[PDB]
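One chain is shown next in C-alpha cells, namely the form deposited without the ligand.
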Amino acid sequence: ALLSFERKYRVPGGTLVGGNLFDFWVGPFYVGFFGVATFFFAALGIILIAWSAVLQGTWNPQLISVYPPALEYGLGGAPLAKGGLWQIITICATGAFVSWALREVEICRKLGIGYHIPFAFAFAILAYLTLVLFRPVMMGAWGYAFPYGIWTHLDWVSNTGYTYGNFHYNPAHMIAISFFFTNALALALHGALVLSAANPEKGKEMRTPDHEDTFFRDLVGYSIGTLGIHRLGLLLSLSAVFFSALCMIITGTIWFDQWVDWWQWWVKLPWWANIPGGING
C-alpha cells in the first residue's frame, strides 16, 4: 500500500476544511473533505446519467446522450426528460471538478510543494465552464451548450463549427491551434532530450545537462535550459486552452456571421482597398 519512501510524508495537517476529520488515506488515495465532496457529486451524477439512459431506451455507451434544454426554455429550468437532467448533471460535474482541484490544494500543503498543478487545472475547468455556462448565458439559452454523449457531442462541434462557415477562419481559433501544435512539438523534444542524455550510446556514460544544452545550441543555435523548458511547456499548454475558451466566448456573441468574412477589415483598408489586381481585385 505504501511506496518504499512514503511513510515519512504521511503526517497530519494541511487540510483546508474539517481539521483532521477526513485527514487519511484509502489505499494510495488521499481523502480530504473534498475527497468526500467529489465522491458525492460523482456518484449522484453517474446516477442521473443511468436514469437518463432508461428514459431514452438504451444502455449502449455509443448511443446514450443527455441533451440540454431546448432553446424555447431560454435560461430557465426544464423538465427532467427535456433538459433538466442535463442541468443537474452539469451542476454535479462542476461540483466534482472544483472539489478535485481543492483536494489537490490540500495535497499540496501536506507535501509542502507549490500550487502550480491545481492552478493549471483551473484553466481546463474554465474551458468547460465557457462551453456549458458562460457562452450559453451570454447567448440567452442553455440550448447552446453541448450534449453529454460520446458521438452526439462531436455532432455539436461539427454543427456549431459549420454554423459560421469554415471555423478555421476564427482568428482566435488559429492562435489556439498554433499553441496546441507547438506544445506537442515541445513535449516531443523535451522527452527525447532528457532520454537521449540518460540513455546515451550503448555502453557510454550518462550524459549531463551540459550536453543537453550543447546539443541544442549545435542544432538550432539556442537552448532554453532545463528550468526554462518546464516553464515553457506549462505556458504553451495553458495558452492553448486560454485561446480556445476565448475563440468560443466570442463566437455567437460579438460575432455571429461567417468567420471568413471577418477578414475583409484587412483587405478593405483604404490604401490597398482599391488597387487593381491580385486575388481580391
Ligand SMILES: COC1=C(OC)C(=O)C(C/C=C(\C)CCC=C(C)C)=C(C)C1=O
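Residue numbers here begin at 1 and follow the sequence given.
What follows is about the form solved in complex with the ligand, which we do not show.
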(request) Identify the site as open or blocked, taking the pose of the ligand in the entry with it bound and overlaying it via the site C-alphas; a blocked site has 3 or more ligand atoms within 2.4 Å of a backbone or C-beta atom of the shown form. (result) open
(request) State the residue from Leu111, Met138, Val194, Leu71 whose non-hydrogen atoms include one within 4.5 Å of the ligand in the entry with it bound. (result) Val194
(message) I'd like to know whether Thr253 contacts the ligand in the entry with it bound, with contact meaning heavy atoms within 4.5 angstroms.
(response) no
(message) Could you pull out the residues of 216-232 that have any heavy atom within 4.5 Å of the ligand in the entry with it bound?
(response) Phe216, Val220, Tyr222, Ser223, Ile224, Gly225, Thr226, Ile229
